[PDB]
Amino acid sequence: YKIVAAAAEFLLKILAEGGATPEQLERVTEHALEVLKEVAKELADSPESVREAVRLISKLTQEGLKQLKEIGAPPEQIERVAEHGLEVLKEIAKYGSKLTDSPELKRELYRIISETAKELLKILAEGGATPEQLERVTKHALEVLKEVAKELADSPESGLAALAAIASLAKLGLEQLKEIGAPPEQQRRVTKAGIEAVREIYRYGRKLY
Amino acid sequence: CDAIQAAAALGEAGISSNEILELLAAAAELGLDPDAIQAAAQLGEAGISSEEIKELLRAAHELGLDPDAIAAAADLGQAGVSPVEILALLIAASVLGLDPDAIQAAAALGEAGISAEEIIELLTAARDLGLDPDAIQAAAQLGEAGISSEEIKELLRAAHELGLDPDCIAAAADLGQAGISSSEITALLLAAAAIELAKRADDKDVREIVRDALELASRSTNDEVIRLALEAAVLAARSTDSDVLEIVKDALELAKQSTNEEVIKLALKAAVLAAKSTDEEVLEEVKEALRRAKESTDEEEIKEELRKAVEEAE
Amino acid sequence: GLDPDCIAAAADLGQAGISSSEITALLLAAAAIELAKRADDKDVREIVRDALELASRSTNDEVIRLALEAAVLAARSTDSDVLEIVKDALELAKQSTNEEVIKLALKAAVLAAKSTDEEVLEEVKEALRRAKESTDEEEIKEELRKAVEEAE
């Protein structure tokens, strides 16, 4: 798995050094993610294999976004691959939840999902995208995190961890929106959506406690 | 006149009249008491919108929170905690089943800039260790000393493994205020524990061993060698068997006379593993490896015989 | 019926620089709230919600005083006909988007709550029913106007 994953990353980096268009890079990235998802679904059968899968998926995702940022592509392509990455990641997290029973690995997996979200948000913000994109991505990211939490969570402590991660993502997102000087209307809209995500997380938490 | 007194409190908080009417609408919808409306006024002094307050109090009502936690939400507001993070800490407190003093400690950790995840983790670790609100208050003092969450967690773990009182953790936070590293605090905690226990033990041989370890820890400058030596001092002060005392004394006689850290690290590791072990065959093979280390002279043979014994004992 | 400590708190809204009409609104509101807390009735509490919603969402001192005076009058009355008329007036005020319709509907409900003639209650309720079944703002205004000119 590590070898083929590295081969995908290498091929992507070679193509990017080759000066291909953002469209070609994105197409290859989607194909690479799709292949990566398939070969992950085959080869993953242990807690560490899921951890490694997530680490490599997120790595390849990060490298991909870094390529689009460096060529100066419109944020639209960045947002598409961000969605693709999150969606694939969620499907893998979904499979990985069936393989994984130990609380530590479950928690750390979720934490890495949140780190992935924090990093991809940070990268998009460094990419100079408008608040109009930042809110779409932030909302989607929170919602993916919510869906992954809803898939994984089965004890109150893990609920609190997932909550805390979600909350920290909202904190980071609001800090970016503040730094770009987004209007209080957008700040409220996002913050309220964050509170509502936490409310839905609490509606899940009501099952556990 | 309570309803007007609540309006006067919102007027003193400088709330806009339409937003007073909204907070009154929320008060009428939820049935908010005047102190819950005072908490709304204090969140208004923290600059939070009426909408956000309304959803927050709506969530507090849906949670069925105790009024003291609801009031403490205004302390989290004064601490500058993020609006979602206030809700997270409130949810966390409800799930943890801890007291409002744990929420006041969360407020202090919020003034120390600690994230709600780190607070939740610290509270999780505290309940998992079976620590008390005074230990949590001393942890907030380590937060006032700017100590990192992992350092606090390891310090609390060490304090529990040493059976320390909360006042000891307060003294650890005073060493934190003195700018002492978490490593050196941990060393000083190990040392103080070994010393007090070496009063409680009468034995001159334990006292010799503990002095030799404290000398070696005073002479040396490496955190692993120091922690090994002072842990070995605590273990010696906890021990009751001449075989462990002999192995530790032999290891200290080798180590304190040696000039290479490699044989010191290995000999102290072998002695710590022997002091933690329960098998006379492992004690005798370690006593043998030390005999081989006294009767041989090449540091490569000393390291290999200690490595064989360590790989048998680990 | 507000006692002198209430007036002292009103003077503290004066210290906060609140305008006299806004103090008056806040007094009307706080009174309606404390009364609707001392009453158990969910319907009065719904009326007080809808009034405080409307008063927060709108910004006109006549609309606000009309609404909060109706809220006080609802908190001072028990007859289902008055509660129905006030709920119909507040529902019409929530569904419609014209301040003259809002003022007329609230005025009709205030006159129905201040008076105690069942033929005025029925004609106001029927004028509100005509206004809630019809769509034209001119028919809504002309039915509420005739009911107000009969009731005042």
# chains A, B, ... in the order shown; residues from 1 in each chain; ligands from 1
$ residues_around --residues "residue 15 (chain A)" --least-positions-apart "3" --cutoff "10 Å" --atoms "only C-alpha atoms" --output "PyMOL selection string"
chain A and resi 9-12+18-21+24-25+28+67
$ interface_residues --of "chain B" --to "chain A" --cutoff "12 Å" --atoms "only C-alpha atoms" --output "MDAnalysis selection string"
chainID B and resid 47:64 81:97 114:125 127:128
$ select_by_dssp --residues "region 7-48 of chain C" --states "alpha helix (DSSP H)" --output "PyMOL selection string"
chain C and resi 7-15+20-38+42-48
$ write_last_selection --atoms "N, CA and C atoms" --output "short mmCIF file (atom, residue, chain, number, x, y, z; two decimals), in the first residue's frame"
data_model
loop_
_atom_site.label_atom_id
_atom_site.label_comp_id
_atom_site.auth_asym_id
_atom_site.auth_seq_id
_atom_site.Cartn_x
_atom_site.Cartn_y
_atom_site.Cartn_z
N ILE C 7 -40.26 52.40 39.28
CA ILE C 7 -39.97 53.75 38.79
C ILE C 7 -38.48 54.07 38.95
N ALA C 8 -37.83 53.63 40.03
CA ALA C 8 -36.39 53.79 40.19
C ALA C 8 -35.63 53.04 39.09
N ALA C 9 -36.02 51.80 38.79
CA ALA C 9 -35.46 51.08 37.66
C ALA C 9 -35.77 51.78 36.32
N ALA C 10 -36.94 52.41 36.17
CA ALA C 10 -37.24 53.23 35.01
C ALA C 10 -36.29 54.44 34.93
N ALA C 11 -35.99 55.08 36.06
CA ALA C 11 -35.01 56.15 36.12
C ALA C 11 -33.60 55.63 35.77
N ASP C 12 -33.27 54.38 36.09
CA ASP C 12 -32.02 53.77 35.65
C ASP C 12 -31.97 53.51 34.14
N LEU C 13 -33.10 53.18 33.49
CA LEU C 13 -33.16 53.21 32.02
C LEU C 13 -32.99 54.64 31.49
N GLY C 14 -33.43 55.64 32.25
CA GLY C 14 -33.10 57.05 32.02
C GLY C 14 -31.59 57.31 32.14
N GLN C 15 -30.92 56.77 33.16
CA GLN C 15 -29.46 56.85 33.29
C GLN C 15 -28.75 56.16 32.11
N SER C 20 -37.95 58.11 26.18
CA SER C 20 -39.15 57.93 27.02
C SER C 20 -40.11 56.88 26.46
N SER C 21 -40.36 56.89 25.15
CA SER C 21 -41.20 55.88 24.51
C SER C 21 -40.57 54.49 24.63
N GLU C 22 -39.26 54.35 24.45
CA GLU C 22 -38.58 53.07 24.65
C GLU C 22 -38.62 52.61 26.11
N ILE C 23 -38.43 53.51 27.08
CA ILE C 23 -38.63 53.16 28.49
C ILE C 23 -40.07 52.66 28.66
N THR C 24 -41.04 53.38 28.11
CA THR C 24 -42.45 53.02 28.23
C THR C 24 -42.70 51.63 27.65
N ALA C 25 -42.15 51.35 26.48
CA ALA C 25 -42.21 50.03 25.88
C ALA C 25 -41.59 48.99 26.81
N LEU C 26 -40.38 49.23 27.32
CA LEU C 26 -39.72 48.29 28.21
C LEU C 26 -40.54 48.06 29.48
N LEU C 27 -41.16 49.09 30.03
CA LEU C 27 -42.06 48.94 31.17
C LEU C 27 -43.26 48.07 30.79
N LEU C 28 -43.93 48.38 29.67
CA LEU C 28 -45.06 47.59 29.20
C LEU C 28 -44.66 46.13 29.03
N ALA C 29 -43.51 45.89 28.40
CA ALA C 29 -42.98 44.56 28.16
C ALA C 29 -42.70 43.83 29.47
N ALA C 30 -41.90 44.43 30.35
CA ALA C 30 -41.54 43.80 31.61
C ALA C 30 -42.78 43.49 32.45
N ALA C 31 -43.76 44.39 32.44
CA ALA C 31 -45.03 44.16 33.12
C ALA C 31 -45.77 42.98 32.49
N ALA C 32 -45.94 42.97 31.17
CA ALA C 32 -46.59 41.86 30.49
C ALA C 32 -45.88 40.53 30.78
N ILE C 33 -44.55 40.53 30.81
CA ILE C 33 -43.75 39.33 31.10
C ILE C 33 -43.99 38.87 32.53
N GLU C 34 -43.83 39.74 33.52
CA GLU C 34 -44.01 39.35 34.91
C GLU C 34 -45.44 38.84 35.15
N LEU C 35 -46.44 39.50 34.57
CA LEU C 35 -47.82 39.04 34.63
C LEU C 35 -47.98 37.69 33.93
N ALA C 36 -47.43 37.50 32.74
CA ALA C 36 -47.51 36.24 32.01
C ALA C 36 -46.69 35.11 32.66
N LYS C 37 -45.74 35.45 33.54
CA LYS C 37 -45.07 34.50 34.43
C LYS C 37 -45.95 34.14 35.62
N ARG C 38 -46.65 35.13 36.19
CA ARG C 38 -47.55 34.94 37.34
C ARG C 38 -48.84 34.21 36.97
N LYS C 42 -50.24 29.17 28.81
CA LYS C 42 -49.48 29.04 27.57
C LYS C 42 -50.00 29.95 26.45
N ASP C 43 -51.31 30.19 26.34
CA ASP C 43 -51.84 31.08 25.29
C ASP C 43 -51.44 32.54 25.51
N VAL C 44 -51.52 33.03 26.75
CA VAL C 44 -51.00 34.37 27.09
C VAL C 44 -49.50 34.42 26.84
N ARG C 45 -48.77 33.36 27.19
CA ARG C 45 -47.33 33.26 26.94
C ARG C 45 -47.00 33.24 25.44
N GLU C 46 -47.80 32.58 24.61
CA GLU C 46 -47.69 32.67 23.15
C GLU C 46 -47.93 34.09 22.66
N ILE C 47 -48.98 34.75 23.15
CA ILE C 47 -49.26 36.14 22.79
C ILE C 47 -48.05 37.00 23.14
N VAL C 48 -47.51 36.87 24.36
CA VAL C 48 -46.35 37.64 24.80
C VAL C 48 -45.12 37.33 23.95
#
$ residues_around --residues "region 39-51 of chain A" --least-positions-apart "3" --cutoff "6 Å" --atoms "only C-alpha atoms" --output "list in words"
residues 36, 54, 96 and 100 of chain A
$ atom_distance --atom1 "CA of residue 173 (chain A)" --atom2 "CA of residue 13 (chain B)"
28.8 Å
$ interface_residues --of "chain B" --to "chain C" --cutoff "12 Å" --atoms "only C-alpha atoms" --output "ChimeraX atom specification"
/B:1-34,50-51
$ write_last_selection --atoms "N, CA and C atoms" --output "compact mmCIF listing (two decimals), in the first residue's frame"
# COMPACT_ATOMS: atom_id res chain seq x y z
N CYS B 1 -38.73 44.98 41.40
CA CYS B 1 -39.61 44.66 40.26
C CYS B 1 -38.83 43.84 39.22
N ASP B 2 -38.78 42.51 39.37
CA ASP B 2 -37.72 41.67 38.78
C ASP B 2 -37.58 41.79 37.25
N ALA B 3 -38.69 41.77 36.51
CA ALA B 3 -38.66 41.88 35.06
C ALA B 3 -38.05 43.22 34.60
N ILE B 4 -38.35 44.30 35.32
CA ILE B 4 -37.78 45.62 35.02
C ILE B 4 -36.33 45.67 35.50
N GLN B 5 -35.99 45.04 36.62
CA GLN B 5 -34.60 44.95 37.09
C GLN B 5 -33.72 44.25 36.06
N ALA B 6 -34.21 43.17 35.46
CA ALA B 6 -33.52 42.51 34.36
C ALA B 6 -33.35 43.46 33.16
N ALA B 7 -34.39 44.22 32.80
CA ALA B 7 -34.26 45.23 31.74
C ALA B 7 -33.22 46.30 32.11
N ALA B 8 -33.19 46.75 33.36
CA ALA B 8 -32.21 47.72 33.84
C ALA B 8 -30.79 47.15 33.77
N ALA B 9 -30.60 45.87 34.12
CA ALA B 9 -29.31 45.22 33.96
C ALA B 9 -28.86 45.21 32.49
N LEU B 10 -29.76 44.91 31.56
CA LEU B 10 -29.46 44.96 30.12
C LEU B 10 -29.20 46.40 29.63
N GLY B 11 -29.87 47.39 30.22
CA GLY B 11 -29.59 48.81 29.98
C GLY B 11 -28.20 49.22 30.47
N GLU B 12 -27.79 48.78 31.67
CA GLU B 12 -26.44 49.01 32.20
C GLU B 12 -25.37 48.30 31.36
N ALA B 13 -25.68 47.12 30.82
CA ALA B 13 -24.83 46.43 29.84
C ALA B 13 -24.79 47.13 28.46
N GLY B 14 -25.59 48.17 28.24
CA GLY B 14 -25.59 48.96 27.00
C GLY B 14 -26.24 48.25 25.81
N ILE B 15 -27.12 47.28 26.06
CA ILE B 15 -27.78 46.50 25.01
C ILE B 15 -28.74 47.39 24.21
N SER B 16 -28.76 47.25 22.88
CA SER B 16 -29.69 47.98 22.01
C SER B 16 -31.15 47.61 22.31
N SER B 17 -32.08 48.55 22.27
CA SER B 17 -33.47 48.32 22.71
C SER B 17 -34.16 47.16 21.98
N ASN B 18 -33.99 47.02 20.66
CA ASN B 18 -34.53 45.88 19.94
C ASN B 18 -33.92 44.56 20.42
N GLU B 19 -32.63 44.56 20.77
CA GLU B 19 -31.95 43.39 21.32
C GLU B 19 -32.35 43.13 22.78
N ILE B 20 -32.66 44.17 23.57
CA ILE B 20 -33.30 43.98 24.87
C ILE B 20 -34.64 43.28 24.64
N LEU B 21 -35.46 43.78 23.72
CA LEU B 21 -36.75 43.17 23.42
C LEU B 21 -36.58 41.73 22.95
N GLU B 22 -35.54 41.42 22.18
CA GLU B 22 -35.25 40.03 21.82
C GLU B 22 -34.88 39.20 23.05
N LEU B 23 -33.98 39.69 23.91
CA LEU B 23 -33.57 38.93 25.10
C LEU B 23 -34.73 38.77 26.07
N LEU B 24 -35.62 39.75 26.15
CA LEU B 24 -36.88 39.62 26.83
C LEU B 24 -37.77 38.59 26.13
N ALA B 25 -37.86 38.58 24.81
CA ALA B 25 -38.63 37.57 24.09
C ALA B 25 -38.11 36.17 24.42
N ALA B 26 -36.79 35.98 24.39
CA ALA B 26 -36.16 34.74 24.78
C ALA B 26 -36.48 34.40 26.24
N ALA B 27 -36.39 35.37 27.14
CA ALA B 27 -36.75 35.17 28.53
C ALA B 27 -38.20 34.70 28.67
N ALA B 28 -39.13 35.28 27.93
CA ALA B 28 -40.53 34.87 27.93
C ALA B 28 -40.72 33.48 27.32
N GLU B 29 -40.02 33.16 26.23
CA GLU B 29 -40.11 31.85 25.58
C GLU B 29 -39.58 30.74 26.49
N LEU B 30 -38.36 30.90 26.99
CA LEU B 30 -37.68 29.88 27.80
C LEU B 30 -38.12 29.92 29.27
N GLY B 31 -38.70 31.02 29.73
CA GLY B 31 -38.94 31.26 31.15
C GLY B 31 -37.66 31.58 31.92
N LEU B 32 -36.73 32.34 31.33
CA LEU B 32 -35.44 32.66 31.97
C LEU B 32 -35.65 33.41 33.29
N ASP B 33 -34.95 32.98 34.34
CA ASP B 33 -34.92 33.70 35.61
C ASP B 33 -33.98 34.93 35.52
N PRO B 34 -34.10 35.91 36.43
CA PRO B 34 -33.30 37.13 36.39
C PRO B 34 -31.79 36.91 36.42
N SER B 50 -27.37 38.69 20.60
CA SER B 50 -28.62 38.16 21.14
C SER B 50 -28.96 36.81 20.52
N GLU B 51 -28.77 36.64 19.21
CA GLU B 51 -29.04 35.38 18.53
C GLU B 51 -28.19 34.26 19.12
$ residues_around --residues "residue 144 (chain A)" --least-positions-apart "3" --cutoff "10 Å" --atoms "only C-alpha atoms" --output "ChimeraX atom specification"
/A:83,86-87,89-90,113-114,117,138-141,147-150
$ write_last_selection --atoms "N, CA and C atoms" --output "PDB file, in the first residue's frame"
ATOM      1  N   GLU A  83     -13.574  18.926  -1.682  1.00  0.00           N
ATOM      2  CA  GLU A  83     -14.763  18.091  -1.534  1.00  0.00           C
ATOM      3  C   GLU A  83     -14.437  16.642  -1.873  1.00  0.00           C
ATOM      4  N   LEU A  86     -12.311  15.084   0.930  1.00  0.00           N
ATOM      5  CA  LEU A  86     -13.142  14.837   2.096  1.00  0.00           C
ATOM      6  C   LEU A  86     -14.101  13.672   1.854  1.00  0.00           C
ATOM      7  N   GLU A  87     -14.755  13.619   0.702  1.00  0.00           N
ATOM      8  CA  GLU A  87     -15.744  12.586   0.412  1.00  0.00           C
ATOM      9  C   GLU A  87     -15.097  11.204   0.408  1.00  0.00           C
ATOM     10  N   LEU A  89     -12.254  10.498   1.820  1.00  0.00           N
ATOM     11  CA  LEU A  89     -11.749  10.289   3.158  1.00  0.00           C
ATOM     12  C   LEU A  89     -12.855   9.740   4.039  1.00  0.00           C
ATOM     13  N   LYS A  90     -14.040  10.326   3.951  1.00  0.00           N
ATOM     14  CA  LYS A  90     -15.224   9.873   4.659  1.00  0.00           C
ATOM     15  C   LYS A  90     -15.565   8.445   4.278  1.00  0.00           C
ATOM     16  N   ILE A 113      -8.680  13.231  11.006  1.00  0.00           N
ATOM     17  CA  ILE A 113      -9.669  13.812  10.092  1.00  0.00           C
ATOM     18  C   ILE A 113      -9.756  15.310  10.352  1.00  0.00           C
ATOM     19  N   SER A 114      -9.886  15.693  11.618  1.00  0.00           N
ATOM     20  CA  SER A 114      -9.961  17.101  11.979  1.00  0.00           C
ATOM     21  C   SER A 114      -8.684  17.848  11.613  1.00  0.00           C
ATOM     22  N   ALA A 117      -8.916  18.531   7.961  1.00  0.00           N
ATOM     23  CA  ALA A 117      -9.797  19.653   7.732  1.00  0.00           C
ATOM     24  C   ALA A 117      -9.092  20.972   8.070  1.00  0.00           C
ATOM     25  N   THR A 138     -15.958  25.442   4.896  1.00  0.00           N
ATOM     26  CA  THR A 138     -16.036  25.265   6.350  1.00  0.00           C
ATOM     27  C   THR A 138     -17.281  24.480   6.721  1.00  0.00           C
ATOM     28  N   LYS A 139     -18.419  24.850   6.138  1.00  0.00           N
ATOM     29  CA  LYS A 139     -19.692  24.182   6.374  1.00  0.00           C
ATOM     30  C   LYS A 139     -19.605  22.730   5.939  1.00  0.00           C
ATOM     31  N   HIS A 140     -19.155  22.485   4.715  1.00  0.00           N
ATOM     32  CA  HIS A 140     -19.004  21.124   4.224  1.00  0.00           C
ATOM     33  C   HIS A 140     -18.085  20.312   5.131  1.00  0.00           C
ATOM     34  N   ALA A 141     -16.962  20.885   5.546  1.00  0.00           N
ATOM     35  CA  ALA A 141     -16.003  20.216   6.400  1.00  0.00           C
ATOM     36  C   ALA A 141     -16.640  19.839   7.734  1.00  0.00           C
ATOM     37  N   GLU A 147     -20.931  13.810   9.928  1.00  0.00           N
ATOM     38  CA  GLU A 147     -21.267  12.492   9.401  1.00  0.00           C
ATOM     39  C   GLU A 147     -20.279  11.432   9.882  1.00  0.00           C
ATOM     40  N   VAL A 148     -18.988  11.742   9.902  1.00  0.00           N
ATOM     41  CA  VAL A 148     -17.983  10.793  10.385  1.00  0.00           C
ATOM     42  C   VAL A 148     -18.175  10.545  11.876  1.00  0.00           C
ATOM     43  N   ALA A 149     -18.458  11.576  12.661  1.00  0.00           N
ATOM     44  CA  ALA A 149     -18.732  11.390  14.071  1.00  0.00           C
ATOM     45  C   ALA A 149     -19.947  10.482  14.244  1.00  0.00           C
ATOM     46  N   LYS A 150     -21.029  10.749  13.508  1.00  0.00           N
ATOM     47  CA  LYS A 150     -22.255   9.944  13.545  1.00  0.00           C
ATOM     48  C   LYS A 150     -21.980   8.492  13.170  1.00  0.00           C
TER      49      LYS A 150
END
$ residues_around --residues "residue 275 (chain B)" --least-positions-apart "5" --cutoff "9 Å" --atoms "only C-alpha atoms" --output "PyMOL selection string"
chain B and resi 232+235-236+239+244-245+247-248+270+283
$ closest_residue --among "B:35, B:259, B:220, B:139" --to "residue 299 (chain B)" --atoms "only C-alpha atoms"
B:259
